[PDB]
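As stored in run_31.txt (compact mmCIF, C-alpha atoms and all ligand atoms):
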# COMPACT_ATOMS: atom_id res chain seq x y z
CA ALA N 27 0.00 0.00 0.00
CA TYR N 28 1.40 3.35 -1.13
CA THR N 29 -0.04 6.86 -0.94
CA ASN N 30 0.89 10.16 -2.57
CA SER N 31 3.13 12.54 -0.63
CA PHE N 32 2.16 15.70 -2.58
CA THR N 33 3.91 18.68 -0.94
CA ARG N 34 4.58 17.57 2.65
CA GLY N 35 7.81 16.66 4.38
CA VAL N 36 9.32 20.18 4.56
CA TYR N 37 10.97 21.30 7.80
CA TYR N 38 13.09 24.23 8.92
CA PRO N 39 16.70 23.50 7.88
CA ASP N 40 18.21 25.65 10.65
CA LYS N 41 17.39 28.13 13.43
CA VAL N 42 17.87 31.23 11.26
CA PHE N 43 15.16 33.87 10.95
CA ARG N 44 14.36 34.77 7.34
CA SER N 45 11.67 37.24 6.32
CA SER N 46 10.25 38.05 2.87
CA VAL N 47 13.05 36.18 1.10
CA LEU N 48 13.15 33.10 -1.14
CA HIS N 49 16.01 31.04 0.28
CA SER N 50 17.68 28.17 -1.59
CA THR N 51 19.06 25.43 0.66
CA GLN N 52 20.46 21.92 0.27
CA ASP N 53 19.45 19.29 2.82
CA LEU N 54 17.63 15.97 3.21
CA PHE N 55 13.93 16.31 2.33
CA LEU N 56 11.03 14.11 1.33
CA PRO N 57 10.53 14.28 -2.47
CA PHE N 58 7.38 15.95 -3.75
CA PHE N 59 4.69 13.62 -5.15
CA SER N 60 6.75 10.58 -4.14
CA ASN N 61 5.46 7.22 -2.91
CA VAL N 62 5.30 6.68 0.85
CA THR N 63 4.51 3.26 2.31
CA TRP N 64 1.04 3.04 3.85
CA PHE N 65 0.55 0.93 6.99
CA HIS N 66 -2.59 0.08 8.95
CA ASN N 81 5.58 -3.41 13.93
CA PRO N 82 7.42 -4.16 10.68
CA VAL N 83 11.21 -3.92 10.29
CA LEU N 84 12.13 -0.78 8.32
CA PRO N 85 15.59 0.62 7.48
CA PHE N 86 17.08 4.03 8.25
CA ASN N 87 18.98 4.66 4.98
CA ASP N 88 19.31 8.46 4.76
CA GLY N 89 16.54 9.90 6.95
CA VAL N 90 12.91 8.92 7.46
CA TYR N 91 9.82 11.12 7.23
CA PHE N 92 7.07 9.87 9.54
CA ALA N 93 3.43 10.90 9.21
CA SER N 94 0.67 9.50 11.40
CA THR N 95 -3.06 10.13 11.70
CA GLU N 96 -4.62 9.47 15.09
CA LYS N 97 -8.07 9.38 16.66
CA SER N 98 -7.37 7.54 19.93
CA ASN N 99 -3.56 7.84 20.31
CA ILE N 100 -2.61 4.39 19.03
CA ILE N 101 1.06 4.98 18.16
CA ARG N 102 3.09 5.58 21.32
CA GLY N 103 6.70 5.82 20.16
CA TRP N 104 9.56 4.52 18.05
CA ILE N 105 12.76 2.49 18.40
CA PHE N 106 15.99 3.49 16.64
CA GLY N 107 19.16 1.43 16.35
CA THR N 108 20.99 -1.18 14.32
CA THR N 109 20.35 -4.56 15.95
CA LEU N 110 17.89 -3.73 18.78
CA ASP N 111 18.48 -7.13 20.39
CA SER N 112 20.49 -6.11 23.50
CA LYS N 113 23.72 -6.07 21.49
CA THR N 114 24.46 -2.34 21.14
CA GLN N 115 23.01 1.03 22.14
CA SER N 116 19.52 1.65 20.79
CA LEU N 117 17.24 4.68 21.04
CA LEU N 118 13.95 4.24 22.91
CA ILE N 119 11.51 7.15 22.68
CA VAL N 120 8.23 6.16 24.37
CA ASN N 121 5.38 8.49 25.37
CA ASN N 122 3.35 6.58 27.98
CA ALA N 123 0.36 8.97 27.78
CA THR N 124 1.63 11.43 30.41
CA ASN N 125 5.32 12.15 29.66
CA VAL N 126 7.74 11.58 26.79
CA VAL N 127 10.61 9.31 27.87
CA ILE N 128 13.83 9.08 25.85
CA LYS N 129 16.46 6.46 26.67
CA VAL N 130 19.47 5.25 24.69
CA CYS N 131 20.23 2.13 26.72
CA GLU N 132 21.08 -1.26 25.22
CA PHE N 133 17.54 -2.52 25.73
CA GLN N 134 16.39 -6.10 25.23
CA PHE N 135 13.35 -5.93 22.94
CA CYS N 136 10.68 -8.56 22.41
CA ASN N 137 9.91 -10.27 19.11
CA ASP N 138 6.72 -8.22 18.66
CA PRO N 139 6.86 -5.15 20.92
CA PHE N 140 3.53 -3.41 21.50
CA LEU N 141 1.68 -1.28 24.04
CA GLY N 142 -1.63 -2.28 25.60
CA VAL N 143 -4.47 -0.33 27.16
CA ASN N 165 24.47 0.46 29.95
CA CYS N 166 22.83 3.89 29.74
CA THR N 167 24.43 7.16 28.63
CA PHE N 168 21.43 9.51 28.39
CA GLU N 169 17.91 9.65 29.82
CA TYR N 170 15.28 12.39 29.59
CA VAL N 171 11.67 12.43 30.81
CA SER N 172 9.27 15.13 29.63
CA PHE N 186 -9.09 10.71 11.59
CA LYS N 187 -9.11 13.87 13.71
CA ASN N 188 -5.43 14.82 14.08
CA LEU N 189 -2.27 14.61 11.97
CA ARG N 190 1.21 14.27 13.50
CA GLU N 191 4.20 14.55 11.16
CA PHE N 192 7.74 13.67 12.22
CA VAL N 193 11.21 13.83 10.67
CA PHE N 194 14.03 11.68 12.06
CA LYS N 195 17.63 12.10 10.90
CA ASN N 196 21.01 11.34 12.48
CA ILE N 197 23.86 13.54 11.20
CA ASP N 198 27.30 13.59 12.88
CA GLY N 199 25.95 11.75 15.92
CA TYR N 200 23.15 14.29 16.47
CA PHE N 201 19.55 13.09 16.29
CA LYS N 202 17.37 15.87 14.85
CA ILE N 203 13.61 15.65 15.47
CA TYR N 204 11.13 17.91 13.68
CA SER N 205 7.39 17.86 14.30
CA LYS N 206 4.14 19.65 13.52
CA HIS N 207 0.62 19.12 14.87
CA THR N 208 -2.52 20.13 12.98
CA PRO N 209 -6.20 19.11 13.07
CA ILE N 210 -7.58 17.20 10.08
CA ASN N 211 -10.86 15.61 8.99
CA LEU N 212 -9.89 12.86 6.53
CA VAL N 213 -9.59 9.06 6.55
CA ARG N 214 -8.39 7.63 3.20
CA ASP N 215 -4.90 9.20 3.02
CA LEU N 216 -2.82 12.21 4.02
CA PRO N 217 -4.33 15.66 3.37
CA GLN N 218 -3.10 17.76 0.47
CA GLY N 219 -1.38 20.96 1.56
CA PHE N 220 1.81 22.51 2.84
CA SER N 221 3.15 22.82 6.38
CA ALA N 222 6.48 23.31 8.13
CA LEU N 223 7.93 21.13 10.90
CA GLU N 224 9.77 22.95 13.67
CA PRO N 225 12.69 21.38 15.56
CA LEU N 226 12.04 20.43 19.18
CA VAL N 227 14.49 17.69 20.23
CA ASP N 228 18.24 17.52 19.55
CA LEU N 229 19.99 14.45 20.97
CA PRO N 230 23.82 14.18 20.90
CA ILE N 231 23.53 10.39 20.88
CA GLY N 232 26.61 9.50 18.83
CA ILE N 233 24.94 6.18 17.98
CA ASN N 234 24.76 4.60 14.53
CA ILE N 235 21.16 3.94 13.43
CA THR N 236 20.31 1.67 10.49
CA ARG N 237 16.92 0.14 11.45
CA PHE N 238 13.75 1.57 13.02
CA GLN N 239 10.33 0.26 14.01
CA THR N 240 7.04 1.83 15.08
CA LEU N 241 5.41 1.06 18.44
CA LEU N 242 1.62 1.16 18.67
CA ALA N 264 -2.50 4.20 10.24
CA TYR N 265 0.87 5.80 9.51
CA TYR N 266 3.11 6.64 6.56
CA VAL N 267 6.87 6.17 6.12
CA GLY N 268 8.96 8.36 3.82
CA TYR N 269 12.63 8.76 3.00
CA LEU N 270 14.89 11.78 2.68
CA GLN N 271 17.33 12.42 -0.17
CA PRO N 272 19.83 15.26 -0.70
CA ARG N 273 17.96 17.56 -3.09
CA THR N 274 17.98 21.35 -3.31
CA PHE N 275 14.89 23.25 -2.16
CA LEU N 276 13.71 26.84 -2.58
CA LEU N 277 11.86 27.93 0.57
CA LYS N 278 9.39 30.83 0.68
CA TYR N 279 9.54 32.84 3.91
CA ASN N 280 6.74 35.21 4.90
CA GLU N 281 6.98 38.37 7.00
CA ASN N 282 6.57 36.28 10.17
CA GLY N 283 9.52 33.99 9.42
CA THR N 284 7.53 30.82 8.69
CA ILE N 285 7.76 28.67 5.57
CA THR N 286 4.64 29.04 3.43
CA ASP N 287 5.67 27.35 0.16
CA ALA N 288 8.51 25.28 -1.27
CA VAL N 289 9.82 24.03 -4.62
CA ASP N 290 11.54 20.69 -5.19
CA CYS N 291 14.33 21.55 -7.63
CA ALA N 292 14.48 17.96 -8.98
CA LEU N 293 10.75 17.52 -9.68
CA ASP N 294 10.06 18.99 -13.12
CA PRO N 295 11.75 21.41 -15.57
CA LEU N 296 9.31 24.14 -14.47
CA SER N 297 10.55 23.65 -10.90
CA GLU N 298 14.12 23.70 -12.23
CA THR N 299 13.42 27.04 -13.94
CA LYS N 300 11.88 28.38 -10.72
CA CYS N 301 14.92 27.25 -8.72
CA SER U 399 36.27 7.43 44.08
CA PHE U 400 38.21 5.33 46.58
CA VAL U 401 39.67 5.53 50.08
CA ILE U 402 43.41 4.89 50.48
CA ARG U 403 46.14 5.58 53.02
CA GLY U 404 47.95 8.91 53.14
CA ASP U 405 51.32 7.38 52.29
CA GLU U 406 49.79 5.55 49.30
CA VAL U 407 48.14 8.70 47.90
CA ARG U 408 51.21 9.37 45.74
CA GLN U 409 50.68 6.04 43.93
CA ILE U 410 47.62 7.45 42.09
CA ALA U 411 49.62 8.91 39.21
CA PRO U 412 50.46 7.96 35.61
CA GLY U 413 53.59 5.85 35.40
CA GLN U 414 53.54 5.10 39.14
CA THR U 415 54.34 1.84 40.93
CA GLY U 416 53.24 0.23 44.18
CA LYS U 417 50.69 -2.13 45.67
CA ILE U 418 47.70 0.12 44.92
CA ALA U 419 48.88 1.01 41.41
CA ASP U 420 49.67 -2.67 40.76
CA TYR U 421 46.58 -4.47 42.10
CA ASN U 422 43.92 -1.97 43.26
CA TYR U 423 43.79 1.08 40.93
CA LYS U 424 46.12 1.16 37.92
CA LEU U 425 46.41 4.32 35.83
CA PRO U 426 47.39 4.55 32.15
CA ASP U 427 50.78 5.98 31.26
CA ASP U 428 49.18 8.54 28.91
CA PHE U 429 46.14 9.17 31.13
CA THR U 430 44.42 12.55 30.81
CA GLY U 431 42.59 13.94 33.81
CA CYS U 432 42.92 15.31 37.32
CA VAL U 433 43.48 13.68 40.71
CA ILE U 434 42.00 15.34 43.80
CA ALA U 435 42.50 13.97 47.31
CA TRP U 436 41.67 15.15 50.82
CA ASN U 437 42.14 13.84 54.34
CA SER U 438 39.26 11.95 55.95
CA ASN U 439 40.62 11.35 59.46
CA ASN U 440 37.54 12.92 61.08
CA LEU U 441 35.07 11.18 58.73
CA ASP U 442 36.23 7.64 57.85
CA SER U 443 38.71 6.78 60.62
CA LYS U 444 37.39 5.08 63.76
CA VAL U 445 38.77 4.79 67.28
CA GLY U 446 38.43 1.01 67.20
CA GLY U 447 39.86 0.81 63.69
CA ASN U 448 37.93 1.24 60.44
CA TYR U 449 38.73 -1.93 58.50
CA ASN U 450 35.98 -1.40 55.90
CA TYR U 451 38.55 -0.45 53.23
CA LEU U 452 40.42 -3.36 51.65
CA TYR U 453 43.30 -3.36 49.17
CA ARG U 454 45.19 -6.06 47.29
CA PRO U 491 44.21 -11.99 48.99
CA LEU U 492 43.04 -8.62 50.34
CA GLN U 493 44.14 -6.76 53.47
CA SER U 494 42.37 -4.08 55.49
CA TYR U 495 43.77 -0.71 56.55
CA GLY U 496 43.85 0.32 60.20
CA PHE U 497 42.38 3.80 59.85
CA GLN U 498 42.42 5.60 63.20
CA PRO U 499 42.21 9.32 64.08
CA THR U 500 45.13 8.93 66.53
CA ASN U 501 47.49 7.67 63.81
CA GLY U 502 49.96 9.70 61.77
CA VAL U 503 49.38 11.84 58.70
CA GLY U 504 50.65 9.07 56.42
CA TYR U 505 48.38 6.50 58.08
CA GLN U 506 45.30 8.75 57.92
CA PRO U 507 42.56 7.71 55.48
CA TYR U 508 42.31 9.88 52.37
CA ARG U 509 39.37 10.17 49.99
CA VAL U 510 40.75 10.25 46.43
CA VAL U 511 38.57 11.04 43.40
CA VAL U 512 40.05 10.75 39.90
CA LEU U 513 38.20 12.42 37.01
CA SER U 514 39.17 10.61 33.80
CA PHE U 515 38.59 12.62 30.63
CA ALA U 522 31.43 15.94 23.52
CA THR U 523 28.87 16.37 26.31
CA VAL U 524 30.83 17.55 29.38
CA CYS U 525 32.06 21.07 28.61
CA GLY U 526 33.29 23.86 30.85
CA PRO U 527 31.11 26.73 32.03
CA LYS U 528 30.80 29.96 30.00
CA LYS U 529 30.57 33.21 32.02
CA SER U 530 28.35 35.94 30.58
CA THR U 531 28.73 39.70 30.91
CA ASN U 532 26.28 42.58 31.07
CA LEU U 533 24.72 43.88 27.85
CA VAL U 534 24.90 47.58 26.93
CA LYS U 535 22.61 48.93 24.21
CA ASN U 536 22.93 51.77 21.67
CA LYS U 537 26.74 51.65 21.63
CA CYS U 538 29.40 50.34 19.26
CA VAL U 539 30.42 47.10 20.98
CA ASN U 540 32.27 43.88 20.19
CA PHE U 541 29.47 41.42 20.94
CA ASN U 542 29.97 37.71 21.62
CA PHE U 543 26.78 35.64 21.47
CA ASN U 544 26.39 31.84 21.46
CA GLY U 545 27.47 31.08 17.90
CA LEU U 546 28.86 34.28 16.37
CA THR U 547 31.15 37.21 17.14
CA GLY U 548 31.21 40.66 15.61
CA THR U 549 31.25 44.41 16.04
CA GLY U 550 28.09 46.49 15.86
CA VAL U 551 25.49 48.56 17.68
CA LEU U 552 22.84 46.63 19.61
CA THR U 553 19.45 48.37 19.52
CA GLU U 554 15.93 47.28 20.38
CA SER U 555 14.23 45.57 17.44
CA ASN U 556 10.66 45.11 16.22
CA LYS U 557 11.18 41.66 14.69
CA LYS U 558 9.11 38.62 15.71
CA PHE U 559 11.43 35.63 15.92
CA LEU U 560 10.16 32.08 16.06
CA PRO U 561 10.69 30.39 19.48
CA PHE U 562 13.29 27.98 18.07
CA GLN U 563 15.19 30.66 16.12
CA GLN U 564 18.30 32.27 17.63
CA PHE U 565 19.76 34.40 14.82
CA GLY U 566 18.38 36.48 11.97
CA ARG U 567 19.77 36.93 8.47
CA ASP U 568 19.32 39.64 5.86
CA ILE U 569 18.93 39.26 2.09
CA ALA U 570 22.68 39.42 1.47
CA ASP U 571 23.51 36.66 3.99
CA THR U 572 24.54 38.89 6.89
CA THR U 573 23.41 38.93 10.51
CA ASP U 574 20.95 41.75 11.23
CA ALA U 575 19.34 40.61 14.50
CA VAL U 576 20.03 38.05 17.21
CA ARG U 577 18.24 36.66 20.26
CA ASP U 578 19.76 37.22 23.68
CA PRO U 579 20.42 33.80 25.28
CA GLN U 580 19.37 34.96 28.77
CA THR U 581 16.51 37.41 28.11
CA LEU U 582 13.99 36.38 25.44
CA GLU U 583 14.34 39.57 23.42
CA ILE U 584 15.42 40.36 19.86
CA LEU U 585 18.09 43.02 19.30
CA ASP U 586 19.01 44.51 15.93
CA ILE U 587 22.70 44.60 15.02
CA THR U 588 23.40 47.94 13.36
CA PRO U 589 26.98 48.16 12.03
CA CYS U 590 29.12 50.86 13.62
CA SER U 591 29.35 54.15 11.73
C1 LIG S 1 5.55 5.29 -7.46
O1 LIG S 1 5.65 6.62 -8.04
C2 LIG S 1 5.56 6.64 -9.47
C3 LIG S 1 5.77 8.07 -9.90
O2 LIG S 1 7.15 8.38 -10.03
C4 LIG S 1 4.22 6.07 -9.92
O3 LIG S 1 4.17 6.03 -11.34
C5 LIG S 1 4.02 4.67 -9.35
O4 LIG S 1 2.72 4.20 -9.67
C6 LIG S 1 4.20 4.67 -7.83
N1 LIG S 1 4.09 3.32 -7.30
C7 LIG S 1 3.14 2.96 -6.44
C8 LIG S 1 3.17 1.52 -5.99
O5 LIG S 1 2.29 3.74 -6.03
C1 LIG S 2 6.47 6.49 31.87
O1 LIG S 2 7.72 5.78 31.95
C2 LIG S 2 8.68 6.36 32.85
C3 LIG S 2 9.93 5.52 32.75
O2 LIG S 2 10.13 5.03 31.43
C4 LIG S 2 8.10 6.40 34.27
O3 LIG S 2 9.02 7.05 35.13
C5 LIG S 2 6.77 7.14 34.27
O4 LIG S 2 6.18 7.08 35.56
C6 LIG S 2 5.81 6.52 33.25
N1 LIG S 2 4.56 7.25 33.22
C7 LIG S 2 3.37 6.66 33.37
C8 LIG S 2 2.17 7.57 33.31
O5 LIG S 2 3.26 5.46 33.56
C1 LIG S 3 27.70 -2.98 29.72
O1 LIG S 3 28.90 -2.90 28.94
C2 LIG S 3 30.00 -3.62 29.48
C3 LIG S 3 31.19 -3.35 28.59
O2 LIG S 3 31.78 -2.09 28.88
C4 LIG S 3 29.65 -5.11 29.57
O3 LIG S 3 30.73 -5.81 30.19
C5 LIG S 3 28.38 -5.30 30.39
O4 LIG S 3 27.99 -6.67 30.36
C6 LIG S 3 27.25 -4.44 29.82
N1 LIG S 3 26.05 -4.56 30.64
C7 LIG S 3 24.82 -4.63 30.13
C8 LIG S 3 23.70 -4.76 31.13
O5 LIG S 3 24.61 -4.59 28.93
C1 LIG S 4 29.50 3.79 13.38
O1 LIG S 4 30.13 3.19 12.23
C2 LIG S 4 31.47 3.66 11.99
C3 LIG S 4 31.94 2.99 10.72
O2 LIG S 4 31.42 3.63 9.57
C4 LIG S 4 32.36 3.34 13.20
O3 LIG S 4 33.66 3.87 12.98
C5 LIG S 4 31.76 3.94 14.46
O4 LIG S 4 32.52 3.54 15.60
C6 LIG S 4 30.31 3.48 14.64
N1 LIG S 4 29.71 4.10 15.81
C7 LIG S 4 29.22 3.40 16.83
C8 LIG S 4 28.64 4.20 17.96
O5 LIG S 4 29.23 2.17 16.85
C1 LIG S 5 1.99 37.41 11.61
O1 LIG S 5 1.31 37.13 12.85
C2 LIG S 5 0.33 38.11 13.23
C3 LIG S 5 -0.21 37.69 14.57
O2 LIG S 5 0.72 37.96 15.61
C4 LIG S 5 -0.75 38.19 12.15
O3 LIG S 5 -1.67 39.22 12.50
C5 LIG S 5 -0.13 38.49 10.79
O4 LIG S 5 -1.12 38.45 9.78
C6 LIG S 5 0.97 37.47 10.47
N1 LIG S 5 1.61 37.80 9.21
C7 LIG S 5 1.92 36.88 8.29
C8 LIG S 5 2.58 37.40 7.04
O5 LIG S 5 1.68 35.69 8.45
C1 LIG S 6 18.08 32.84 33.25
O1 LIG S 6 17.76 33.21 34.61
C2 LIG S 6 17.08 34.48 34.73
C3 LIG S 6 16.90 34.73 36.21
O2 LIG S 6 17.82 35.70 36.69
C4 LIG S 6 15.77 34.43 33.96
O3 LIG S 6 15.14 35.71 34.03
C5 LIG S 6 16.02 34.05 32.51
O4 LIG S 6 14.78 33.91 31.82
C6 LIG S 6 16.80 32.74 32.42
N1 LIG S 6 17.09 32.41 31.04
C7 LIG S 6 16.89 31.19 30.53
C8 LIG S 6 17.25 31.02 29.08
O5 LIG S 6 16.45 30.27 31.20
Can the structure from this file be put into structure tokens for me?
Amino acid sequence: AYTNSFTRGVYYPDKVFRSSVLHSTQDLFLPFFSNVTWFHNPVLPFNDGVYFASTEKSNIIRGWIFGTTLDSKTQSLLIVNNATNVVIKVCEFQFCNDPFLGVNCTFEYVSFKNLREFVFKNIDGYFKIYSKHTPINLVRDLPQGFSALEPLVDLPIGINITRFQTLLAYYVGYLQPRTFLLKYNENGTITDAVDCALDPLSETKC
Amino acid sequence: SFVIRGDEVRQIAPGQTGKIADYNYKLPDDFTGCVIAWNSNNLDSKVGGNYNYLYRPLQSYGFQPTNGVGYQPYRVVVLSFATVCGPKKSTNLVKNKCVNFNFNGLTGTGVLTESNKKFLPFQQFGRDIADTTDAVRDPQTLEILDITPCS
């Protein structure tokens, strides 16, 4: 099952205020109109960065696991929100064959009707997390539109990640190094974007 | 952190020899760090003899407050040496003057004046059209100050 990722997957590349300027930047983004895998805890890889989009009505998805083996062999990232606080641990946890939620440690931190988008990337040992929450009224697939994901969590994990899994519909994307032209309004937010590798019209615009 | 005798405190050093450095706490020859020790004759030593500290099969040390300086128990903590950085002291901020400012990520010379910009909560610096810094956010007070270049 695959759905159409029209114009979503765009986040703020840095913490720099830009106003009334069209800025060209090069970073890892989800391609426009690309195929994203549609799910209704499979093993998924972490090749170059993963865009995560989930639609919730009763808070089914609780968190994610990041690592390479995730079988108590090396350090693995455990980000679990148990309905009251977000808990992040990077211990070498021993995971079950089918982890699910019912109804050596170096770092530890404790904090359809809705759409929750997430971007996970690990560059130079730093885990960058971008997110954006918005209300929706749609069931079949992701809504068509544009939105920007702000950074909230920066983890200096220093841990190699090659495989992730989702703990509990959601969509999985992938990021590739393509150039983007970002439109900044007077308030410093991103209102539109152009994928420079989409079509020759987008190439001309870039 | 360990408790050793006063005479054996000198054995906690790179390239050192002795019973402690041979069988209890061995240090690397190219070790990087600091060694801090202090006397604990009024804390760990006992009148009847505090034999709770053992060293190498193992023998206990007769720590007493009536003993000598070399026989007094000493608490030694060795800090072996990125997430653990040193502290950064900040200074007062003066506005409307040509100053050499030093913020979190950038340095420069300019005049800091009150701005009317509306930064996003996650944004720390502002940029102009020509890729130059025009406004920054103060790391202590959540305010935005324009950087006017000096005349
Ligand atoms: C993947 O995307 C291409 C467009 O590049 C489309 O033609 C194809 O049908 C998509 N595949 C699936 C399984 O949706
Ligand atoms: C969530 O988990 C953390 C530890 O992982 C625990 O300290 C906390 O109490 C839990 N919260 C709830 C509501 O169970
Ligand atoms: C932690 O790592 C050490 C290696 O430094 C290993 O000897 C030990 O068994 C590990 N413990 C756990 C609980 O993984
Ligand atoms: C990650 O992989 C590289 C090899 O490309 C290796 O040098 C490094 O030690 C690994 N990091 C961890 C935390 O295992
Ligand atoms: C900026 O935000 C203000 C609300 O504080 C709003 O009135 C204004 O229309 C916004 N401007 C833009 C360009 O989004
Ligand atoms: C630093 O502490 C002062 C209290 O003197 C407070 O007013 C200020 O908001 C604090 N700044 C941050 C970034 O926490």
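In this model, the gap between atom CA of residue 434 of chain U and atom CA of residue 527 of chain U comes to 19.7 Å.
Rounded to one decimal, atom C7 of ligand LIG 2 (chain S) and atom CA of residue 141 of chain N lie 12.4 Å from each other.
Distance-wise, atom CA of residue 512 of chain U and atom CA of residue 443 of chain U end up 21.1 Å apart.
Closest to chain U among N:110, N:47, N:128, N:143 is N:47, based on only C-alpha atoms.
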Distance filter 8 Å around ligand LIG 6 (chain S), atoms: only C-alpha atoms and all ligand atoms, out as a PDB file with C-alpha atoms, in the frame of the given file:
ATOM      1  CA  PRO U 579      20.420  33.800  25.280  1.00  0.00           C
ATOM      2  CA  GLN U 580      19.370  34.960  28.770  1.00  0.00           C
ATOM      3  CA  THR U 581      16.510  37.410  28.110  1.00  0.00           C
ATOM      4  CA  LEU U 582      13.990  36.380  25.440  1.00  0.00           C
TER       5      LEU U 582
END
May I have the centre and edge lengths, in Å to one decimal, of an axis-aligned box around the listed atoms of ligand LIG 3 (chain S) with 6 Å added to every side, as JSON?
{"center_x": 27.7, "center_y": -4.4, "center_z": 29.9, "size_x": 20.1, "size_y": 16.6, "size_z": 14.5}
*Within 12 Å of chain N: residues of chain U, using all atoms listed in the file, as a VMD selection string*: chain U and resid 522 to 524 545 556 to 577 584
*asked:* With only C-alpha atoms as the counted atoms, please give the residues lying no more than 12 Å from residue 405 of chain U, apart from itself and same-chain residues fewer than 6 positions off, as number ranges by chain.
replied: U: 416-418, 437, 495, 502-508
Write a file of the selected residues as a compact mmCIF listing (two decimals), in the frame of the given file, keeping C-alpha atoms.
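And here's out.txt as it stands now:
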# COMPACT_ATOMS: atom_id res chain seq x y z
CA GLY U 416 53.24 0.23 44.18
CA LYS U 417 50.69 -2.13 45.67
CA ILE U 418 47.70 0.12 44.92
CA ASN U 437 42.14 13.84 54.34
CA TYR U 495 43.77 -0.71 56.55
CA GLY U 502 49.96 9.70 61.77
CA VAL U 503 49.38 11.84 58.70
CA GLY U 504 50.65 9.07 56.42
CA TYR U 505 48.38 6.50 58.08
CA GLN U 506 45.30 8.75 57.92
CA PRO U 507 42.56 7.71 55.48
CA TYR U 508 42.31 9.88 52.37
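Across U:553, U:430, U:414, U:409, the tightest approach to residue 538 of chain U is made by U:553 when counting only C-alpha atoms.
Shortest atom-to-atom contact with residue 65 of chain N among N:265, N:32, N:37, N:104: N:265, counting all atoms listed in the file.
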*Within 9 Å of ligand LIG 1 (chain S), counting only C-alpha atoms and all ligand atoms: which residues, as a PyMOL selection string?*
chain N and resi 27-30+59-63
*Throw together the list of residues within 10 Å of ligand LIG 2 (chain S), counting all atoms listed in the file, and drop it here as a list in words.*
residues 118, 119, 120, 121, 122, 123, 124, 125, 126, 127, 128, 129, 169, 170, 171 and 172 of chain N
*residue 223 of chain N: which residues within 9 Å, counting all atoms listed in the file, same-chain residues fewer than 4 positions away excluded, as number ranges by chain?*
N: 35-38, 191-193, 204-207
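Minimum distance to residue 492 of chain U across U:404, U:421, U:547, U:555 (counting all atoms listed in the file) occurs at U:421.
Of the listed residues (N:101, N:285, N:241, N:227), N:285 comes nearest to ligand LIG 5 (chain S); the distances count only C-alpha atoms and all ligand atoms.
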Give me the chain N side of the contact with ligand LIG 3 (chain S), cut-off 12 Å, one line per residue showing its nearest atom pair and distance in Å at one decimal, counting only C-alpha atoms and all ligand atoms, sorted by chain and residue number, as CSV.
residue,atom,partner,partner_atom,distance
N:111,CA,S:LIG3,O5,10.8
N:112,CA,S:LIG3,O5,7.0
N:113,CA,S:LIG3,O5,7.6
N:114,CA,S:LIG3,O5,8.1
N:115,CA,S:LIG3,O5,9.0
N:116,CA,S:LIG3,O5,11.5
N:130,CA,S:LIG3,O5,11.9
N:131,CA,S:LIG3,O5,8.3
N:132,CA,S:LIG3,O5,6.1
N:133,CA,S:LIG3,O5,8.0
N:134,CA,S:LIG3,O5,9.1
N:165,CA,S:LIG3,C1,4.7
N:166,CA,S:LIG3,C1,8.4
N:167,CA,S:LIG3,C1,10.7
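Distance annotation: of N:292, N:280, N:39, N:287, the residue with the minimal separation from ligand LIG 5 (chain S) is N:280; atom set is all atoms listed in the file.
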_I'd like the contact shell of residue 431 of chain U - 8 Å cut-off, all atoms listed in the file, skipping same-chain residues fewer than 5 positions apart - returned as a PyMOL selection string._
chain U and resi 512-515
